[PDB]
Number of protein chains: 2
Amino acid sequence: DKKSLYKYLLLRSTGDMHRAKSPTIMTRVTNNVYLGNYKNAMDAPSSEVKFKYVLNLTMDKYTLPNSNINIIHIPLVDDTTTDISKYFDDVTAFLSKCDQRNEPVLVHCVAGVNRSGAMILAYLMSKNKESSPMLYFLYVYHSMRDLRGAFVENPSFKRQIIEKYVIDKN
Amino acid sequence: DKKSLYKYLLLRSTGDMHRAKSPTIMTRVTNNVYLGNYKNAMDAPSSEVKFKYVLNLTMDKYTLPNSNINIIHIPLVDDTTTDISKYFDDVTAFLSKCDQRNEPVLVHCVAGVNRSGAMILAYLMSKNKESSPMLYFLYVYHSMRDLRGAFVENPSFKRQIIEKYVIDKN
């Protein structure tokens with residue numbers, strides 16, 4: 001319902017947010033795209049999800065030595081100010097292909113909140129063309145944060161998302 | 001700037017709000033409409049503003065015995081759940097006339113935050129037809145709150161505003 005949706009988003013946007021809680025388990029974001037922390041990445045070969053890809057956004061190249069997973073490494077510095085905007089289109093195009101091929105992919109960083117959360121937020125914004133960008137940003141942000149406990153908490157990352165995906169009509 | 005505006009509103013809406021601070025001084029909201037607490041109402045006859053009206057939303061009828069001010073009394077119960085929506089159109093039509101006649105009016109309650117703040121928020125929403133209601137609600141709410149320190153903190157009042165002024169396009 002529009003009335004329930006607007007009440008939810010605007011109360012969340014004017015003072016009613018939960019304290020941030022560190023996510024521990026993997027979240028299915030779309031049909032094939034998943035969001036997680038570093039433990040979730042270590043557990044990916046053992047997951048019932050038949051992951052074809054893991055997108056590793058940490059600084060460290062790792063291997064999953066007994067796994068057929070293709071680990072794509074895009075190192076993002078562990079900083080509250082990382083230039084993630086340079087990677088938005090490359091990452092969302094990759095995630096869109098995974099959804100188009102039904103090739104499950106886990107996007108992760110260390111805590112599964114900021115670097116990986118921001119790329120998931122970018123992907124969802126890029127997949128939207130029905131809802132106004134402002135409304136959709138507030139909906140995705142608050143509903144993902146309620147689900148995960150913490151989601152793109154870094155103000156610089158939110159700012160970069162806003163500047164990329166919310167300034168233009170869509 | 002659209003980019004600066006969206007950054008401001010959406011960062012305020014996703015976790016970056018100040019602690020609530022009780023307002024002490026009167027705020028000029030429009031050309032003729034002012035917002036204040038109970039002390040501001042007591043001080044209204046002495047104000048350099050030549051108030052023609054005071055809108056008293058407290059439960060108590062008072063007089064300003066050495067003053068030509070017309071005190072309009074609409075008692076609103078001191079409750080977090082008061083049905084303010086019944087009074088929206090009556091109050092905003094009255095405030096709109098004060099602006100049309102250049103007849104200054106002070107809207108006040110006890111703390112100048114919730115009952116009076118909500119009627120000011122309703123009035124500003126009713127005066128808007130250019131900006132989308134969602135965007136304008138977030139702009140007025142956060143900018144008034146930053147100015148006053150506390151502004152429509154009661155969730156029931158925000159909900160009633162949202163249901164009245166934000167659900168429809170405008």
# chains A, B, ... in the order shown; residues from 1 in each chain; ligands from 1

$ interface_residues --of "chain A" --to "chain B" --cutoff "9 Å" --atoms "only C-alpha atoms" --output "list in words"
residues 2, 3, 6, 7, 10, 11, 12, 13, 14, 15, 16, 17, 134, 135, 137, 138, 141, 142, 153, 155, 158, 159, 162, 163, 166 and 167 of chain A

$ write_last_selection --atoms "N, CA, C and O atoms" --output "mmCIF file, in the first residue's frame"
data_model
loop_
_atom_site.group_PDB
_atom_site.id
_atom_site.type_symbol
_atom_site.label_atom_id
_atom_site.label_comp_id
_atom_site.auth_asym_id
_atom_site.auth_seq_id
_atom_site.Cartn_x
_atom_site.Cartn_y
_atom_site.Cartn_z
ATOM 1 N N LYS A 2 0.457 2.269 -0.775
ATOM 2 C CA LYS A 2 1.207 3.523 -0.811
ATOM 3 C C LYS A 2 1.249 4.185 0.563
ATOM 4 O O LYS A 2 2.294 4.698 0.981
ATOM 5 N N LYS A 3 0.122 4.169 1.285
ATOM 6 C CA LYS A 3 0.072 4.811 2.597
ATOM 7 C C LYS A 3 1.003 4.122 3.593
ATOM 8 O O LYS A 3 1.748 4.789 4.326
ATOM 9 N N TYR A 6 4.703 4.876 2.523
ATOM 10 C CA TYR A 6 5.163 6.230 2.828
ATOM 11 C C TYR A 6 5.338 6.431 4.323
ATOM 12 O O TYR A 6 6.294 7.091 4.758
ATOM 13 N N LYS A 7 4.404 5.900 5.125
ATOM 14 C CA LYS A 7 4.577 5.942 6.575
ATOM 15 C C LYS A 7 5.898 5.299 6.981
ATOM 16 O O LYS A 7 6.685 5.883 7.739
ATOM 17 N N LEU A 10 9.055 7.392 5.640
ATOM 18 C CA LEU A 10 9.245 8.743 6.158
ATOM 19 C C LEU A 10 9.429 8.758 7.670
ATOM 20 O O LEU A 10 10.111 9.644 8.194
ATOM 21 N N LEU A 11 8.831 7.809 8.389
ATOM 22 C CA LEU A 11 9.176 7.677 9.806
ATOM 23 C C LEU A 11 10.617 7.201 9.983
ATOM 24 O O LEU A 11 11.339 7.701 10.854
ATOM 25 N N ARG A 12 11.060 6.240 9.163
ATOM 26 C CA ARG A 12 12.471 5.851 9.182
ATOM 27 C C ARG A 12 13.391 7.025 8.859
ATOM 28 O O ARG A 12 14.532 7.069 9.334
ATOM 29 N N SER A 13 12.934 7.967 8.035
ATOM 30 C CA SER A 13 13.762 9.071 7.552
ATOM 31 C C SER A 13 13.735 10.298 8.450
ATOM 32 O O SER A 13 14.435 11.282 8.157
ATOM 33 N N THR A 14 12.931 10.289 9.514
ATOM 34 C CA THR A 14 12.798 11.447 10.381
ATOM 35 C C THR A 14 13.003 11.074 11.850
ATOM 36 O O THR A 14 12.474 11.736 12.745
ATOM 37 N N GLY A 15 13.775 10.021 12.119
ATOM 38 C CA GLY A 15 14.212 9.801 13.487
ATOM 39 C C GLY A 15 14.061 8.394 14.023
ATOM 40 O O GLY A 15 14.592 8.078 15.099
ATOM 41 N N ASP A 16 13.353 7.529 13.305
ATOM 42 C CA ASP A 16 13.046 6.191 13.812
ATOM 43 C C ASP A 16 13.891 5.139 13.097
ATOM 44 O O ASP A 16 13.402 4.375 12.273
ATOM 45 N N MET A 17 15.181 5.105 13.421
ATOM 46 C CA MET A 17 16.073 4.063 12.935
ATOM 47 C C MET A 17 16.591 3.258 14.121
ATOM 48 O O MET A 17 16.758 3.792 15.213
ATOM 49 N N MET A 134 14.644 8.949 -5.669
ATOM 50 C CA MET A 134 14.659 9.307 -4.247
ATOM 51 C C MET A 134 13.880 8.304 -3.419
ATOM 52 O O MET A 134 14.360 7.826 -2.384
ATOM 53 N N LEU A 135 12.647 8.018 -3.838
ATOM 54 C CA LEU A 135 11.797 7.086 -3.103
ATOM 55 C C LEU A 135 12.440 5.714 -3.039
ATOM 56 O O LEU A 135 12.504 5.090 -1.969
ATOM 57 N N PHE A 137 15.643 4.859 -3.404
ATOM 58 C CA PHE A 137 16.817 4.894 -2.537
ATOM 59 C C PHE A 137 16.418 4.740 -1.074
ATOM 60 O O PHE A 137 17.002 3.931 -0.336
ATOM 61 N N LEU A 138 15.411 5.505 -0.638
ATOM 62 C CA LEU A 138 14.988 5.425 0.762
ATOM 63 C C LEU A 138 14.404 4.059 1.075
ATOM 64 O O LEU A 138 14.683 3.486 2.138
ATOM 65 N N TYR A 141 17.363 1.424 1.001
ATOM 66 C CA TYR A 141 18.289 1.665 2.100
ATOM 67 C C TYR A 141 17.682 1.191 3.411
ATOM 68 O O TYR A 141 18.291 0.403 4.151
ATOM 69 N N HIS A 142 16.470 1.651 3.713
ATOM 70 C CA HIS A 142 15.919 1.338 5.030
ATOM 71 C C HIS A 142 15.499 -0.126 5.122
ATOM 72 O O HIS A 142 15.685 -0.768 6.168
ATOM 73 N N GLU A 153 26.694 2.222 6.122
ATOM 74 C CA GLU A 153 26.684 3.173 7.223
ATOM 75 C C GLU A 153 27.615 4.346 6.953
ATOM 76 O O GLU A 153 27.415 5.426 7.515
ATOM 77 N N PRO A 155 28.999 7.544 5.583
ATOM 78 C CA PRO A 155 28.367 8.679 4.881
ATOM 79 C C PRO A 155 28.959 8.963 3.510
ATOM 80 O O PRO A 155 28.223 9.386 2.606
ATOM 81 N N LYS A 158 27.247 6.613 1.058
ATOM 82 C CA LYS A 158 25.894 7.067 0.767
ATOM 83 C C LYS A 158 25.924 8.275 -0.146
ATOM 84 O O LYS A 158 25.140 8.366 -1.090
ATOM 85 N N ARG A 159 26.837 9.209 0.117
ATOM 86 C CA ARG A 159 26.942 10.395 -0.729
ATOM 87 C C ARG A 159 27.261 10.014 -2.175
ATOM 88 O O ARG A 159 26.666 10.557 -3.118
ATOM 89 N N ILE A 162 24.207 8.626 -3.765
ATOM 90 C CA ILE A 162 23.227 9.668 -4.049
ATOM 91 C C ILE A 162 23.631 10.436 -5.289
ATOM 92 O O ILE A 162 22.807 10.688 -6.176
ATOM 93 N N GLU A 163 24.917 10.785 -5.387
ATOM 94 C CA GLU A 163 25.379 11.594 -6.509
ATOM 95 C C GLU A 163 25.280 10.842 -7.825
ATOM 96 O O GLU A 163 25.040 11.456 -8.876
ATOM 97 N N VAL A 166 20.685 9.193 -7.663
ATOM 98 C CA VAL A 166 19.475 9.848 -7.187
ATOM 99 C C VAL A 166 19.276 11.245 -7.777
ATOM 100 O O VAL A 166 18.122 11.700 -7.869
ATOM 101 N N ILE A 167 20.331 11.896 -8.270
ATOM 102 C CA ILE A 167 20.234 13.270 -8.757
ATOM 103 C C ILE A 167 19.384 13.384 -10.030
ATOM 104 O O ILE A 167 18.727 14.416 -10.250
#

$ select_by_dssp --residues "segment 15-75 of chain B" --states "strand (DSSP E)" --output "PyMOL selection string"
chain B and resi 27-28+33-36+53-56+70-73

$ write_last_selection --atoms "C-alpha atoms" --output "mmCIF file, in the first residue's frame"
data_model
loop_
_atom_site.group_PDB
_atom_site.id
_atom_site.type_symbol
_atom_site.label_atom_id
_atom_site.label_comp_id
_atom_site.auth_asym_id
_atom_site.auth_seq_id
_atom_site.Cartn_x
_atom_site.Cartn_y
_atom_site.Cartn_z
ATOM 1 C CA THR B 27 10.971 31.492 14.636
ATOM 2 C CA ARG B 28 9.657 33.410 11.627
ATOM 3 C CA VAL B 33 3.436 33.272 10.374
ATOM 4 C CA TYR B 34 5.617 32.633 13.433
ATOM 5 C CA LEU B 35 6.235 29.534 15.560
ATOM 6 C CA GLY B 36 6.955 29.543 19.273
ATOM 7 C CA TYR B 53 -3.291 37.123 16.172
ATOM 8 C CA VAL B 54 -1.951 34.445 18.450
ATOM 9 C CA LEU B 55 -3.098 30.867 17.823
ATOM 10 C CA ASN B 56 -3.108 29.195 21.241
ATOM 11 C CA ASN B 70 -6.805 38.483 19.012
ATOM 12 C CA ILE B 71 -6.056 35.167 20.738
ATOM 13 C CA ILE B 72 -7.671 32.268 18.868
ATOM 14 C CA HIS B 73 -8.004 29.181 21.064
#

$ closest_residue --among "A:126, A:90, A:104, A:23" --to "residue 144 of chain A" --atoms "only C-alpha atoms"
A:23

$ closest_residue --among "A:105, A:69, A:119, A:44" --to "residue 87 of chain A" --atoms "only C-alpha atoms"
A:119

$ residues_around --residues "residue 127 of chain B" --least-positions-apart "4" --cutoff "9 Å" --atoms "only C-alpha atoms" --output "list in words"
residues 92, 96, 122 and 123 of chain B

$ select_by_dssp --residues "chain A" --states "alpha helix (DSSP H)" --output "count of residues only"
71

$ residues_around --residues "residue 111 of chain A" --least-positions-apart "3" --cutoff "12 Å" --atoms "only C-alpha atoms" --output "PyMOL selection string"
chain A and resi 21-26+35-41+57-58+78+107-108+114-117+148-153

$ write_last_selection --atoms "N, CA, C and O atoms" --output "compact mmCIF listing (two decimals), in the first residue's frame"
# COMPACT_ATOMS: atom_id res chain seq x y z
N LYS A 21 23.58 -2.94 13.81
CA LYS A 21 23.92 -4.28 14.27
C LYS A 21 24.70 -4.99 13.16
O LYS A 21 24.26 -5.00 12.01
N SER A 22 25.84 -5.59 13.51
CA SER A 22 26.73 -6.17 12.50
C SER A 22 26.10 -7.43 11.91
O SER A 22 25.77 -8.35 12.66
N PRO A 23 25.94 -7.52 10.59
CA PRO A 23 25.33 -8.72 10.02
C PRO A 23 26.26 -9.91 10.11
O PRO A 23 27.48 -9.80 9.98
N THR A 24 25.68 -11.09 10.32
CA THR A 24 26.50 -12.29 10.42
C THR A 24 26.22 -13.31 9.34
O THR A 24 27.13 -14.08 9.01
N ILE A 25 24.99 -13.35 8.79
CA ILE A 25 24.62 -14.36 7.81
C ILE A 25 24.40 -13.71 6.46
O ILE A 25 24.15 -12.51 6.33
N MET A 26 24.49 -14.55 5.43
CA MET A 26 24.35 -14.11 4.05
C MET A 26 22.91 -13.73 3.75
O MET A 26 21.97 -14.34 4.26
N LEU A 35 24.66 -11.03 -0.69
CA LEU A 35 25.46 -10.05 0.05
C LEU A 35 25.96 -10.71 1.33
O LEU A 35 25.16 -11.35 2.04
N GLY A 36 27.25 -10.57 1.62
CA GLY A 36 27.74 -11.16 2.86
C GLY A 36 29.03 -10.53 3.35
O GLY A 36 29.58 -9.61 2.74
N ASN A 37 29.49 -11.04 4.50
CA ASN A 37 30.75 -10.66 5.13
C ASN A 37 31.85 -11.66 4.75
O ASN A 37 31.66 -12.53 3.89
N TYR A 38 33.00 -11.57 5.42
CA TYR A 38 34.14 -12.40 5.04
C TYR A 38 33.91 -13.87 5.40
O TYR A 38 34.34 -14.77 4.67
N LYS A 39 33.27 -14.13 6.54
CA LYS A 39 32.98 -15.52 6.87
C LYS A 39 32.06 -16.13 5.83
O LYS A 39 32.25 -17.29 5.43
N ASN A 40 31.07 -15.36 5.36
CA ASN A 40 30.17 -15.88 4.33
C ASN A 40 30.95 -16.26 3.07
O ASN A 40 30.64 -17.26 2.42
N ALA A 41 31.96 -15.46 2.72
CA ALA A 41 32.80 -15.80 1.58
C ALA A 41 33.56 -17.10 1.82
O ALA A 41 33.60 -17.98 0.96
N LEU A 57 35.73 -7.80 -2.51
CA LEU A 57 36.08 -6.38 -2.49
C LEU A 57 37.09 -6.04 -1.40
O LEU A 57 37.39 -4.86 -1.19
N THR A 58 37.60 -7.02 -0.67
CA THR A 58 38.63 -6.75 0.31
C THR A 58 39.97 -6.50 -0.38
O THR A 58 40.16 -6.77 -1.57
N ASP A 78 40.11 -0.25 2.74
CA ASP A 78 39.34 -0.22 3.99
C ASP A 78 39.45 1.18 4.61
O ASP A 78 40.32 1.44 5.44
N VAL A 107 28.56 -11.14 -3.25
CA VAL A 107 29.33 -9.90 -3.13
C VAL A 107 29.70 -9.73 -1.66
O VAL A 107 28.83 -9.75 -0.78
N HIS A 108 30.98 -9.56 -1.37
CA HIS A 108 31.34 -9.46 0.03
C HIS A 108 32.54 -8.55 0.21
O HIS A 108 33.32 -8.30 -0.71
N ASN A 114 29.67 -1.97 4.29
CA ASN A 114 29.94 -0.73 3.58
C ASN A 114 30.38 -0.95 2.13
O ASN A 114 29.66 -0.54 1.21
N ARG A 115 31.53 -1.59 1.91
CA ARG A 115 32.01 -1.78 0.54
C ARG A 115 31.06 -2.68 -0.24
O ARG A 115 30.59 -2.31 -1.33
N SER A 116 30.74 -3.85 0.31
CA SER A 116 29.82 -4.75 -0.37
C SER A 116 28.39 -4.20 -0.34
O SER A 116 27.67 -4.30 -1.34
N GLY A 117 27.97 -3.62 0.79
CA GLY A 117 26.63 -3.04 0.84
C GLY A 117 26.44 -1.96 -0.21
O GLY A 117 25.40 -1.91 -0.87
N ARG A 148 19.49 -6.49 7.34
CA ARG A 148 20.88 -6.84 7.62
C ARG A 148 21.33 -6.39 9.00
O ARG A 148 22.28 -6.97 9.55
N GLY A 149 20.71 -5.35 9.54
CA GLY A 149 21.14 -4.75 10.79
C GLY A 149 22.05 -3.55 10.61
O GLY A 149 21.99 -2.61 11.41
N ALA A 150 22.90 -3.57 9.59
CA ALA A 150 23.75 -2.44 9.23
C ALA A 150 23.96 -2.51 7.72
O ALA A 150 24.19 -3.60 7.17
N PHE A 151 23.93 -1.36 7.06
CA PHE A 151 23.95 -1.35 5.60
C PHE A 151 24.39 0.02 5.13
O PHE A 151 23.72 1.01 5.44
N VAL A 152 25.54 0.10 4.45
CA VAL A 152 26.11 1.35 3.95
C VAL A 152 26.03 2.46 5.00
O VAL A 152 25.37 3.49 4.81
N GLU A 153 26.69 2.22 6.12
CA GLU A 153 26.68 3.17 7.22
C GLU A 153 27.61 4.35 6.95
O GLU A 153 27.41 5.43 7.52

$ atom_distance --atom1 "atom CA of residue 102 of chain A" --atom2 "atom CA of residue 130 of chain A"
23.0 Å
